[PDB]
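*Asks:* Okay, handing you the structure first.
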Amino acid sequence: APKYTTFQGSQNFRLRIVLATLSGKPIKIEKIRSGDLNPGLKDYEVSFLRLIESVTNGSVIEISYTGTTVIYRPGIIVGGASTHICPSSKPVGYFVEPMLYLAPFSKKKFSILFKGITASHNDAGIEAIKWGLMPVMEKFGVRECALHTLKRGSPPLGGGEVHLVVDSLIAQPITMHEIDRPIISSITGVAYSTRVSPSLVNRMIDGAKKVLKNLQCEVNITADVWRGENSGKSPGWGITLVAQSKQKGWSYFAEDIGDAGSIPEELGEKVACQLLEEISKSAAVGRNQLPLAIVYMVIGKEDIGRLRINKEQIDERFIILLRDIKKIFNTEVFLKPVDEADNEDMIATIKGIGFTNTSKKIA
Amino acid sequence: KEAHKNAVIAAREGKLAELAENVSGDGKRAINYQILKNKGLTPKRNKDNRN
Amino acid sequence: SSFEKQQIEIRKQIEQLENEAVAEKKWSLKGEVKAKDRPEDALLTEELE
Amino acid sequence: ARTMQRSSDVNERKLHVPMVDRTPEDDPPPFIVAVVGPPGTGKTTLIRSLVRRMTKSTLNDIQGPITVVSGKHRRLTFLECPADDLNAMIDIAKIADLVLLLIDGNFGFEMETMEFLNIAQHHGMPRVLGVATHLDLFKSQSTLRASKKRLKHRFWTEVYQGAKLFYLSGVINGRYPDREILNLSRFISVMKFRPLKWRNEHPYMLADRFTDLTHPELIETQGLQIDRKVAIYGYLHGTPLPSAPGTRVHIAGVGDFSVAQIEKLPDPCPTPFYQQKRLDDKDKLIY
Amino acid sequence: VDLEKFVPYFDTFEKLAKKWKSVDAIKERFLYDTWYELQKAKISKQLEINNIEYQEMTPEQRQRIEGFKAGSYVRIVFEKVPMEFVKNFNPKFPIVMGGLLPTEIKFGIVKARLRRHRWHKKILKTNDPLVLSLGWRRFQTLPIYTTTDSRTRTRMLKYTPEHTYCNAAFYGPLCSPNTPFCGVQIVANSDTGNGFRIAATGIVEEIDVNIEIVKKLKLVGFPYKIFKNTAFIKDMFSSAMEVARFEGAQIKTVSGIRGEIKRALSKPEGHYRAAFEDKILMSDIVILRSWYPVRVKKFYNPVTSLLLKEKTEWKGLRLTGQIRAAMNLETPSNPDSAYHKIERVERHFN
Amino acid sequence: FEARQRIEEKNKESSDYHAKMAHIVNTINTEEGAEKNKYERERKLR
Amino acid sequence: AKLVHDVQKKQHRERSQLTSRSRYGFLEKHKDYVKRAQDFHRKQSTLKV
Amino acid sequence: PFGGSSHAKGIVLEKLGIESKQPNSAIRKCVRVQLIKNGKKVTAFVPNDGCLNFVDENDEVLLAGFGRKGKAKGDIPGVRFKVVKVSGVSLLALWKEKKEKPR
RNA sequence: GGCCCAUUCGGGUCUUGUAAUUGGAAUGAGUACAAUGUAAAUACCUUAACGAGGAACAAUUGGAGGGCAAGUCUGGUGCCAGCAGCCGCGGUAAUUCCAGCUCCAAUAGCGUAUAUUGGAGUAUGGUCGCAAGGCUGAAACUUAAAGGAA
Ligand SMILES: Nc1nc2c(ncn2[C@@H]2O[C@H](COP(=O)(O)OP(=O)(O)OP(=O)(O)O)[C@@H](O)[C@H]2O)c(=O)[nH]1
């Protein structure tokens with residue numbers, strides 16, 4: 001009897017599949033969308049499962065006929081070069097984001113070429129993955145990671161291509177100690193426009209600078225206009241803002257795209273205000289950057305790692321994150337309050353499981 | 001044909017018989033000369049250089 | 001006993017492998033082969049580089 | 001000058017690979033002292049002599065591990081390796097910290113000794129101290145010293161150079177002489193141990209006591225053939241073993257099992273340092 | 001709330017801009033002798049940080065997070081232990097319990113460099129069983145000894161090289177790479193004898209779930225009608241369809257003359273036309289080099305010596321020579337394969 | 001068809017192997033020879 | 001031979017003509033082929049002149 | 001070459017040129033070693049392909065100077081060091097089969 | 001036939017070669033009896049009896065140079081060149097094979113590493129920087145008047 005670890009619900013599907021892949025334990029995810037109008041897996045979820053089968057080897061993924069049951073027995077992470085065509089329901093970021101968890105621990109390097117819609121409202125954008133998540137991987141030890149935008153495709157027609165290359169095959173992430181709050185050196189950003197007039201980027205930049213002129217820090221937002229065949233099919237625009245710490249190296253980001261029939265200055269002010277909200281709610285990492293750091297301190301070596309998190313940062317998705325991690329890795333995060341009474345911050349201490357990269361060939 | 005087969009199998013069991021005689025009847029498994037001297041992989045050397 | 005049963009299937013596998021080790025090589029595991037040594041039209045079924 | 005160049009060279013010798021110890025400084029486990037030899041060398045009498053010297057108690061029957069408070073802060077788990085089982089030799093070579101390697105001085109080296117040395121070398125090298133017995137069987141003193149030097153040189157070829165090959169004269173009253181056992185215990189006390197990679201990565205445990213918890217009524221109802229529930233008592237070595245049940249372990253020679261229950265127990269052979277300059281007779285304990 | 005929704009929750013834009021018209025909320029944030037001693041200092045710093053955190057945690061949660069620390073006397077209760085262990089328990093034989101890292105539970109194909117031991121007399125044979133002591137486990141398996149044809153493939157070897165390391169592949173429990181191991185042919189005191197018992201030593205380079213090992217396949221043909229640079233070749237194939245799949249292939253002569261398969265002859269069926277760089281001889285043999293996949297046998301026989309009553313004289317799969325002597329069969333010999341003394345006359349020409 | 005595919009793949013593999021080996025040898029030569037030249041300049045100075 | 005074992009320099013023995021092909025005579029190798037080809041090329045060069 | 005010492009100690013980082021096809025080339029024999037006292041990464045020669053099996057990753061090695069007497073045809077100039085010992089046992093004795101690696 | 005010199009052409013010289021067989025003699029290491037020795041013992045001195053043909057009673061350490069395959073890799077202006085080759089096709093009681101390939105030097109000694117008694121011009125699949133490309137207006141538009149070419 002394999003004695004599958006059983007999960008319920010379509011929540012955290014990618015997280016459960018990836019954590020099963022890293023821990024090597026077989027899982028059974030049951031009753032996903034059991035009573036709905038259209039029960040079963042979504043097409044983008046089946047595409048993600050095919051992506052996992054593509055990047056791994058010797059992994060048995062079983063889907064029931066009804067689609068309400070997934071049986072996953074993980075295998076060796078092998079990597080390699082491949083091309084993945086994302087469906088129209090989801091952008092490329094929905095498939096790129098789980099690969100950052102699996103990337104440094106493969107037998108061969110990830111060089112994956114994703115084709116589909118580049119940006120959307122609910123998922124990660126290219127600038128988001130490049131400048132928010134990859135600095136955290138670099139801090140945990142991934143020296144060489146890169147994401148090239150060959151083509152950029154806005155919704156709904158799509159037509160963009162993005163290339164993910166991870167050249168740092170490490171044994172295990174380093175133990176992390178970030179008790180102190182970082183201080184932000186500057187604010188940068190990218191305001192991009194595809195297949196639309198090139199004044200919208202300047203208009204968004206003026207709208208964002210309207211909000212951020214009060215800051216004493218320098219605000220530099222680059223104008224990225226895509227011309228030609230690289231522009232993709234359907235028209236769109238959008239801005240991504242990242243605030244960077246020069247000394248420590250952390251980065252806090254917000255992003256959005258413009259929907260049909262909206263003024264660019266309103267989008268610029270919205271993105272600037274969401275950036276400031278993330279600085280206010282964030283202590284050391286963003287709420288969107290947090291699962292990367294938590295899983296990395298979990299899979300680090302058997303040492304205590306400390307990462308300061310914020311009173312607002314503890315919330316529902318963090319709770320279900322910690323519960324899934326405790327279900328799979330049997331790891332509990334001890335939470336210690338910071339002795340400073342000025343701000344209610346809490347140190348998260350995680351003992352690493354001692355995970356190591358056994359896929360890499362020593363020779 | 002079967003006479004040839006008996007001849008060759010007789011030769012083989014004879015060789016194993018001399019091996020079974022060559023192994024010692026004493027309980028103690030003594031070290032052999034190669035393990036004792038630990039000469040290693042050496043070239044052929046002239047007898048003139050011994051003296 | 002469970003261990004006794006596992007010993008039974010292990011002995012079964014051992015005896016099968018003994019027959020496989022004694023038995024003659026396949027024509028493709030033979031080093032040099034002619035058409036007389038092969039079965040007829042084998043190279044159409046098998047793929048070789 | 002020449003002294004400075006020699007200082008640079010010995011500094012280069014003192015340089016070593018940095019590596020994490022993973023050893024508890026507060027309550028370290030006893031060091032596994034494994035007595036390995038050909039079938040007639042004197043392992044049982046050597047363990048008798050060492051236990052007689054350390055805990056002041058003689059043991060008529062020696063079997064399984066023996067835990068002994070050797071010094072103030074050191075305990076030794078003596079295990080006499082069965083001479084006729086290569087699987088036993090493999091398990092001992094994987095778990096042993098100090099290996100007392102018994103060589104019959106009169107007969108010379110044996111294949112069992114050489115096999116154990118090579119297994120230990122390939123898996124992970126423990127600290128090896130040689131003990132040469134049966135030197136009383138020699139008739140001539142010149143032949144005795146010549147065989148002594150021959151054994152020492154071959155032993156130095158096998159083990160690292162400078163490893164001690166202790167010499168035991170002979171049994172007087174069914175045990176080895178007290179001064180020789182005193183010097184041997186001094187050598188064991190002054191030895192220093194370095195952590196090996198496999199033992200620093202995996203948790204392991206040499207079983208001190210084995211017991212059966214299955215219900216005899218259950219046995220009577222379903223016959224003798226059923227699987228038995230088994231409790232195993234011992235000192236934990238290596239990395240910490242997880243507190244939650246379900247941890248997967250391999251028992252060398254039995255198979256793979258998952259831990260169903262685990263509990264800490266008070267120490268049966270505690271050190272006098274944790275109890276609290278010369279070691280006391282009340283402090284010398286045996287388990 | 002799903003973590004599939006990468007963008008976190010936010011309030012309305014109007015309320016957000018009304019709250020963030022001011023900026024005073026976040027104004028506070030904006031504004032050794034040797035390398036060896038340095039590494040030891042970093043290790044000691046991490047160890048003392050671990051000690052301080054474990055100290056400041058409560059002891060119950062300390063036990064939960066750390067686990068049972070080494071040097072702790074523990075009782076561990078197992079279920080499903082086999083009956084023969086308790087029945088034949090002998091206190092002299094040790095009991096060793098070692099925890100398994102997650103990789104070591106898995107079973108797959110282990111690739112390892114391996115050499116025949118110096119004091120072991122005979123070489124080892126491909127698909128001939130060997131008891132490996134890898135990790136905590138000892139288990140009998142069938143390895144395949146391979147080579148790289150100057151780093152171009154993994155080609156099967158019939159035997160281990162004497163005095164040399166070779167790549168080997170076997171089925172068993174996976175282990176972490178860079179793990180050393182030993183291999184012994186016999187563990188039975190009825191079989192020991194005077195010989196040195198340790199047969200192989202090695203270290204694990206790579207683990208995988210499959211491997212592609214090839215064995216060389218030479219297709220052998222003969223010339224029956226030879227011209228200048230063109231020959232008609234026989235006995236390589238059995239039909240023109242077989243020829244037509246292999247048309248355009250490199251072939252060569254035992255002399256060394258290179259050529260190409262060109263067309264299939266109509267009659268008789270197996271014959272074909274070939275073009276060479278020189279005139280060949282009726283004494284020549286034409287060879288075509290191809291490669292055939294070899295599958296690693298999946299045999300896992302653990303050494304459960306403690307469950308036995310004797311606790312020695314453990315038996316497993318036998319060596320091929322032992323099986324041949326047991327079933328009274330003769331070693332397979334090829335008359336053309338034997339080496340003979342070759343005498344050449346002086347080569348004259350008209 | 002299979003013949004054309006095999007020939008193209010083998011040509012690409014051989015060219016990539018040659019490029020990789022030349023890159024390794026050139027980097028080793030440049031950096032290590034620079035260090036060797038600096039040390040020899042130091043020795044001829046002293 | 002600075003760093004070569006004497007077991008690396010073993011003699012690889014030459015294989016003979018097959019007994020079914022013994023009617024055709026001696027099995028040529030590269031050493032025989034070179035003599036044959038050199039003789040032909042010398043004859044053809046002087047014939048060309 | 002090394003600071004004030006005839007020999008140095010290092011940790012083997014990787015073996016360069018094991019994916020090269022030609023046996024006993026200098027690229028086949030190159031090994032990258034990080035010296036203990038400085039952390040500098042230098043390339044050394046393993047004497048033979050036979051000793052390259054004995055050299056493994058993360059072992060401690062003892063490096064001496066290489067010292068070419070004449071310019072060989074296929075050598076790599078620039079590599080200045082050679083591996084003398086590994087794991088406290090000399091590579092020549094391991095190659096000549098007089099010793100086994102302690103690990 | 002062996003050897004010596006010499007860029008080659010060549011020249012100088014003369015009981016040499018043999019992994020061929022065979023004969024008895026010698027004795028040291030050792031094994032070991034005694035006495036001597038000394039409070040006693042060791043050791044020393046003396047010392048009967050045994051103690052060699054693979055004299056297996058089994059000397060090392062370094063250097064130089066080959067040669068071999070139905071074997072492998074790389075580059076090509078057929079048959080070549082280079083790097084090399086414990087890996088060949090069968091076979092491990094299986095095979096007696098360049099017979100264990102030849103030669104050199106020191107010898108219970110013998111190696112390694114480190115320390116010490118410029119002019120002129122090529123090559124560069126390394127690093128860094130600069131590039132190079134498109135009729136312009138003209139792109140999200142095949143889109144005007146002008147040109148630019150023609
Ligand atoms: N003469 C002499 N006999 C010794 C010496 N050492 C041990 N013995 C003999 O060894 C015998 C005891 O055997 P054991 O104590 O069991 O030795 P062992 O090697 O552990 O043997 P097993 O336990 O049976 O495997 C005694 O009767 C002694 O005669 C010694 O130094 N001199």
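Every chain in the structure tokens has a letter given in the order shown (A, B, ...), and although residue numbers restart at 1 in each chain, ligands are simply numbered from 1 in the order shown.
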With only C-alpha atoms (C1' of nucleotides) as the counted atoms, please give the residues lying no more than 8 Å from segment 40-46 of chain C, apart from itself and same-chain residues fewer than 6 positions off, as a list in words.

*Replies:*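 The contact residues come out as residues 238, 239, 241, 242 and 245 of chain E.
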
*Asks:* Write out as number ranges by chain all residues of segment 87-308 of chain A that backbone DSSP assigns to helix (DSSP H, G or I).

*Replies:* A: 93-105, 126-140, 200-212, 228-231, 264-281, 290-299

*Asks:* The selected residues should be written to file as a PDB file, in the first residue's frame (atoms: C-alpha atoms).

*Replies:*
```
ATOM      1  CA  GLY A  93       3.145  33.366 -15.319  1.00  0.00           C
ATOM      2  CA  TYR A  94       0.791  30.713 -13.939  1.00  0.00           C
ATOM      3  CA  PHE A  95       3.103  28.053 -15.374  1.00  0.00           C
ATOM      4  CA  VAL A  96       6.427  29.845 -14.853  1.00  0.00           C
ATOM      5  CA  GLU A  97       5.896  30.429 -11.119  1.00  0.00           C
ATOM      6  CA  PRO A  98       5.894  26.751  -9.952  1.00  0.00           C
ATOM      7  CA  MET A  99       9.036  26.127 -12.007  1.00  0.00           C
ATOM      8  CA  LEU A 100      11.021  28.519  -9.812  1.00  0.00           C
ATOM      9  CA  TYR A 101      10.502  26.125  -6.902  1.00  0.00           C
ATOM     10  CA  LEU A 102      11.788  23.126  -8.868  1.00  0.00           C
ATOM     11  CA  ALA A 103      14.441  24.890 -10.951  1.00  0.00           C
ATOM     12  CA  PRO A 104      17.710  24.855  -8.919  1.00  0.00           C
ATOM     13  CA  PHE A 105      17.303  21.192  -7.935  1.00  0.00           C
ATOM     14  CA  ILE A 126       7.033  38.951 -16.676  1.00  0.00           C
ATOM     15  CA  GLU A 127       8.406  41.978 -14.830  1.00  0.00           C
ATOM     16  CA  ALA A 128       6.949  40.559 -11.613  1.00  0.00           C
ATOM     17  CA  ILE A 129       8.729  37.212 -12.026  1.00  0.00           C
ATOM     18  CA  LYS A 130      11.936  38.930 -13.159  1.00  0.00           C
ATOM     19  CA  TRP A 131      12.239  41.538 -10.437  1.00  0.00           C
ATOM     20  CA  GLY A 132      10.263  40.348  -7.412  1.00  0.00           C
ATOM     21  CA  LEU A 133      10.750  36.590  -7.224  1.00  0.00           C
ATOM     22  CA  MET A 134      14.168  36.081  -8.822  1.00  0.00           C
ATOM     23  CA  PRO A 135      15.981  38.418  -6.358  1.00  0.00           C
ATOM     24  CA  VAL A 136      14.706  36.156  -3.555  1.00  0.00           C
ATOM     25  CA  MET A 137      16.064  33.103  -5.386  1.00  0.00           C
ATOM     26  CA  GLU A 138      19.362  34.948  -5.831  1.00  0.00           C
ATOM     27  CA  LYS A 139      19.419  35.708  -2.107  1.00  0.00           C
ATOM     28  CA  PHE A 140      18.799  32.046  -1.299  1.00  0.00           C
ATOM     29  CA  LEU A 200      -0.012  55.858 -22.865  1.00  0.00           C
ATOM     30  CA  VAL A 201       3.320  54.927 -21.274  1.00  0.00           C
ATOM     31  CA  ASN A 202       4.203  58.570 -20.584  1.00  0.00           C
ATOM     32  CA  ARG A 203       0.679  59.190 -19.321  1.00  0.00           C
ATOM     33  CA  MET A 204       0.881  56.244 -16.899  1.00  0.00           C
ATOM     34  CA  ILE A 205       4.309  57.412 -15.732  1.00  0.00           C
ATOM     35  CA  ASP A 206       2.980  60.915 -15.027  1.00  0.00           C
ATOM     36  CA  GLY A 207       0.028  59.430 -13.144  1.00  0.00           C
ATOM     37  CA  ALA A 208       2.295  57.276 -10.981  1.00  0.00           C
ATOM     38  CA  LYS A 209       4.752  60.121 -10.390  1.00  0.00           C
ATOM     39  CA  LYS A 210       1.788  62.170  -9.151  1.00  0.00           C
ATOM     40  CA  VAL A 211       1.436  59.737  -6.255  1.00  0.00           C
ATOM     41  CA  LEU A 212       5.144  59.115  -5.695  1.00  0.00           C
ATOM     42  CA  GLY A 228       6.686  45.168 -34.821  1.00  0.00           C
ATOM     43  CA  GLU A 229       6.302  41.417 -34.698  1.00  0.00           C
ATOM     44  CA  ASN A 230       7.504  41.478 -31.086  1.00  0.00           C
ATOM     45  CA  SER A 231       4.357  43.363 -30.079  1.00  0.00           C
ATOM     46  CA  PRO A 264      -3.973  55.438 -18.014  1.00  0.00           C
ATOM     47  CA  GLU A 265      -3.487  57.934 -15.165  1.00  0.00           C
ATOM     48  CA  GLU A 266      -5.974  56.012 -13.043  1.00  0.00           C
ATOM     49  CA  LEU A 267      -3.972  52.826 -13.618  1.00  0.00           C
ATOM     50  CA  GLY A 268      -0.753  54.644 -12.748  1.00  0.00           C
ATOM     51  CA  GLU A 269      -2.135  55.989  -9.480  1.00  0.00           C
ATOM     52  CA  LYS A 270      -3.646  52.589  -8.680  1.00  0.00           C
ATOM     53  CA  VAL A 271      -0.312  50.810  -9.143  1.00  0.00           C
ATOM     54  CA  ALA A 272       1.605  53.415  -7.130  1.00  0.00           C
ATOM     55  CA  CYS A 273      -0.904  53.201  -4.278  1.00  0.00           C
ATOM     56  CA  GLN A 274      -0.830  49.391  -4.288  1.00  0.00           C
ATOM     57  CA  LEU A 275       2.971  49.582  -4.156  1.00  0.00           C
ATOM     58  CA  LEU A 276       2.782  51.865  -1.113  1.00  0.00           C
ATOM     59  CA  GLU A 277       0.236  49.491   0.430  1.00  0.00           C
ATOM     60  CA  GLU A 278       2.675  46.607  -0.029  1.00  0.00           C
ATOM     61  CA  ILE A 279       5.438  48.616   1.662  1.00  0.00           C
ATOM     62  CA  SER A 280       3.073  49.356   4.549  1.00  0.00           C
ATOM     63  CA  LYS A 281       1.930  45.754   4.962  1.00  0.00           C
ATOM     64  CA  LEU A 290       6.361  35.138   0.884  1.00  0.00           C
ATOM     65  CA  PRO A 291       5.676  31.498  -0.264  1.00  0.00           C
ATOM     66  CA  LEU A 292       9.017  31.419  -2.126  1.00  0.00           C
ATOM     67  CA  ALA A 293      10.888  32.325   1.054  1.00  0.00           C
ATOM     68  CA  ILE A 294       8.881  29.982   3.284  1.00  0.00           C
ATOM     69  CA  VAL A 295       9.340  26.933   1.043  1.00  0.00           C
ATOM     70  CA  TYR A 296      13.033  27.768   0.584  1.00  0.00           C
ATOM     71  CA  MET A 297      13.696  27.938   4.337  1.00  0.00           C
ATOM     72  CA  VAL A 298      11.785  24.660   4.619  1.00  0.00           C
ATOM     73  CA  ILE A 299      13.938  22.856   2.055  1.00  0.00           C
TER      74      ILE A 299
END
```

*Asks:* Within 6 Å of ligand 1 (counting only C-alpha atoms (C1' of nucleotides) and all ligand atoms), which residues show up? I'd like them as a list in words.

*Replies:*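 Residues lying within 6 Å of ligand 1: residues 39, 40, 41, 42, 43, 44, 45, 83, 133, 134, 136, 137, 168, 169, 170 and 171 of chain D.
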
*Asks:* Taking N, CA, C and O atoms for each residue, export the selection above as a compact mmCIF listing (two decimals), in the first residue's frame.

*Replies:*
```
# COMPACT_ATOMS: atom_id res chain seq x y z
N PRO D 39 38.63 -15.65 14.67
CA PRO D 39 37.78 -16.32 15.68
C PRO D 39 38.46 -16.75 16.98
O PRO D 39 37.75 -17.08 17.94
N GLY D 40 39.78 -16.79 17.04
CA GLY D 40 40.39 -17.22 18.29
C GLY D 40 41.31 -16.23 18.96
O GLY D 40 42.15 -16.64 19.76
N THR D 41 41.18 -14.93 18.67
CA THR D 41 42.23 -13.99 19.02
C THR D 41 42.19 -13.56 20.48
O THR D 41 43.24 -13.29 21.07
N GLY D 42 41.02 -13.48 21.08
CA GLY D 42 40.89 -13.00 22.44
C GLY D 42 39.97 -11.81 22.65
O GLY D 42 40.21 -11.03 23.58
N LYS D 43 38.94 -11.65 21.82
CA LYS D 43 38.05 -10.49 21.94
C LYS D 43 37.23 -10.53 23.22
O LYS D 43 37.06 -9.51 23.89
N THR D 44 36.70 -11.71 23.57
CA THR D 44 35.91 -11.84 24.79
C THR D 44 36.76 -11.59 26.03
O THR D 44 36.32 -10.90 26.96
N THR D 45 37.98 -12.13 26.06
CA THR D 45 38.85 -11.88 27.20
C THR D 45 39.30 -10.43 27.27
O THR D 45 39.48 -9.88 28.36
N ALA D 83 32.93 -13.21 14.47
CA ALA D 83 34.07 -13.35 13.57
C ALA D 83 33.68 -14.03 12.26
O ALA D 83 34.37 -13.88 11.25
N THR D 133 47.77 -10.07 20.11
CA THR D 133 47.72 -11.04 21.19
C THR D 133 48.57 -12.24 20.83
O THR D 133 49.24 -12.26 19.79
N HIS D 134 48.55 -13.24 21.71
CA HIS D 134 49.28 -14.50 21.58
C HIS D 134 50.78 -14.31 21.40
O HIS D 134 51.41 -15.07 20.67
N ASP D 136 52.85 -14.68 23.81
CA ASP D 136 53.50 -15.61 24.73
C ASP D 136 53.83 -16.93 24.05
O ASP D 136 54.64 -17.71 24.57
N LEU D 137 53.21 -17.21 22.91
CA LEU D 137 53.44 -18.48 22.22
C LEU D 137 54.80 -18.50 21.54
O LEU D 137 55.27 -19.57 21.12
N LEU D 168 49.91 -7.32 23.71
CA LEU D 168 49.47 -8.00 24.92
C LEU D 168 50.31 -9.25 25.13
O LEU D 168 50.43 -10.08 24.22
N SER D 169 50.88 -9.39 26.32
CA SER D 169 51.80 -10.48 26.63
C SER D 169 51.09 -11.83 26.67
O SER D 169 51.43 -12.73 25.91
N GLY D 170 50.12 -11.98 27.57
CA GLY D 170 49.38 -13.22 27.66
C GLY D 170 48.45 -13.21 28.86
O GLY D 170 48.56 -12.39 29.76
N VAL D 171 47.52 -14.17 28.85
CA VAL D 171 46.52 -14.30 29.90
C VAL D 171 47.20 -14.91 31.11
O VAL D 171 48.03 -15.82 30.99
```

*Asks:* Distance limit 9 Å, atoms considered: only C-alpha atoms (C1' of nucleotides). Which chain I residues sit that close to chain G? Return them as a PyMOL selection string.

*Replies:* chain I and resi 63-65+67-70+79+85-86+88+97-98+101

*Asks:* Hey, which of F:42, F:2, F:8, F:16 ends up closest to chain C? Count only C-alpha atoms.

*Replies:*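 Result for the nearest residue to chain C: F:2.
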
*Asks:* Write out as a list in words which residues come within 10 Å of residue 206 of chain D when counting only C-alpha atoms (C1' of nucleotides), dropping same-chain ones fewer than 3 positions away.

*Replies:*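 The neighbour list is residues 32, 64, 65, 77, 79, 92, 95, 96, 209, 232, 233, 234, 235, 236, 237 and 251 of chain D; 94, 95, 96, 97 and 98 of chain E.
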
*Asks:* Go ahead and write the selection's residues with C-alpha atoms as a compact mmCIF listing (two decimals), in the first residue's frame.

*Replies:*
```
# COMPACT_ATOMS: atom_id res chain seq x y z
CA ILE D 32 30.90 2.65 19.85
CA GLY D 64 25.39 -7.61 22.90
CA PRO D 65 26.51 -4.05 23.56
CA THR D 77 29.71 0.89 24.06
CA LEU D 79 30.49 -4.60 20.87
CA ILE D 92 30.03 -2.92 12.55
CA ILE D 95 28.50 2.11 12.85
CA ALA D 96 31.78 1.80 14.77
CA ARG D 209 17.69 -4.09 24.48
CA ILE D 232 13.84 -1.57 20.83
CA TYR D 233 15.79 0.36 23.48
CA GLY D 234 19.00 2.23 22.74
CA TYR D 235 21.14 5.34 22.60
CA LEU D 236 20.56 7.60 19.60
CA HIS D 237 23.54 8.69 17.50
CA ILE D 251 17.22 -2.37 10.45
CA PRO E 94 24.11 -6.66 16.47
CA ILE E 95 20.89 -4.78 15.76
CA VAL E 96 21.47 -1.52 13.87
CA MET E 97 18.66 0.91 13.09
CA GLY E 98 19.47 3.68 10.64
```

*Asks:* Counting only C-alpha atoms, which residues of chain F sit at most 10 Å from some atom of chain H, and what is each one's closest atom pair with its distance in Å to one decimal, listed by chain and rising residue number, as JSON lines?

*Replies:*
```
{"residue": "F:17", "atom": "CA", "partner": "H:20", "partner_atom": "CA", "distance": 8.0}
{"residue": "F:18", "atom": "CA", "partner": "H:20", "partner_atom": "CA", "distance": 9.1}
{"residue": "F:20", "atom": "CA", "partner": "H:20", "partner_atom": "CA", "distance": 9.1}
{"residue": "F:21", "atom": "CA", "partner": "H:20", "partner_atom": "CA", "distance": 6.9}
{"residue": "F:24", "atom": "CA", "partner": "H:17", "partner_atom": "CA", "distance": 7.8}
{"residue": "F:25", "atom": "CA", "partner": "H:27", "partner_atom": "CA", "distance": 7.2}
{"residue": "F:26", "atom": "CA", "partner": "H:76", "partner_atom": "CA", "distance": 9.6}
{"residue": "F:28", "atom": "CA", "partner": "H:78", "partner_atom": "CA", "distance": 7.1}
{"residue": "F:29", "atom": "CA", "partner": "H:78", "partner_atom": "CA", "distance": 5.4}
{"residue": "F:30", "atom": "CA", "partner": "H:78", "partner_atom": "CA", "distance": 7.7}
{"residue": "F:31", "atom": "CA", "partner": "H:78", "partner_atom": "CA", "distance": 7.8}
{"residue": "F:32", "atom": "CA", "partner": "H:78", "partner_atom": "CA", "distance": 4.7}
{"residue": "F:33", "atom": "CA", "partner": "H:78", "partner_atom": "CA", "distance": 4.1}
{"residue": "F:34", "atom": "CA", "partner": "H:78", "partner_atom": "CA", "distance": 7.7}
{"residue": "F:35", "atom": "CA", "partner": "H:78", "partner_atom": "CA", "distance": 7.9}
{"residue": "F:36", "atom": "CA", "partner": "H:78", "partner_atom": "CA", "distance": 6.3}
{"residue": "F:37", "atom": "CA", "partner": "H:78", "partner_atom": "CA", "distance": 8.7}
{"residue": "F:39", "atom": "CA", "partner": "H:1", "partner_atom": "CA", "distance": 6.9}
{"residue": "F:40", "atom": "CA", "partner": "H:1", "partner_atom": "CA", "distance": 9.1}
{"residue": "F:43", "atom": "CA", "partner": "H:1", "partner_atom": "CA", "distance": 9.5}
```

*Asks:* Would you mind listing, for every residue of chain H within 10 Å of chain G, the two atoms forming the shortest contact and the distance between them in Å to one decimal, using only C-alpha atoms, sorted by chain and ascending residue number, as a Markdown table?

*Replies:*
```
| residue | atom | partner | partner_atom | distance |
| --- | --- | --- | --- | --- |
| H:47 | CA | G:3 | CA | 7.8 |
| H:48 | CA | G:3 | CA | 7.0 |
| H:49 | CA | G:3 | CA | 9.9 |
| H:50 | CA | G:4 | CA | 9.3 |
| H:92 | CA | G:3 | CA | 9.5 |
| H:95 | CA | G:5 | CA | 9.2 |
| H:96 | CA | G:5 | CA | 8.4 |
```
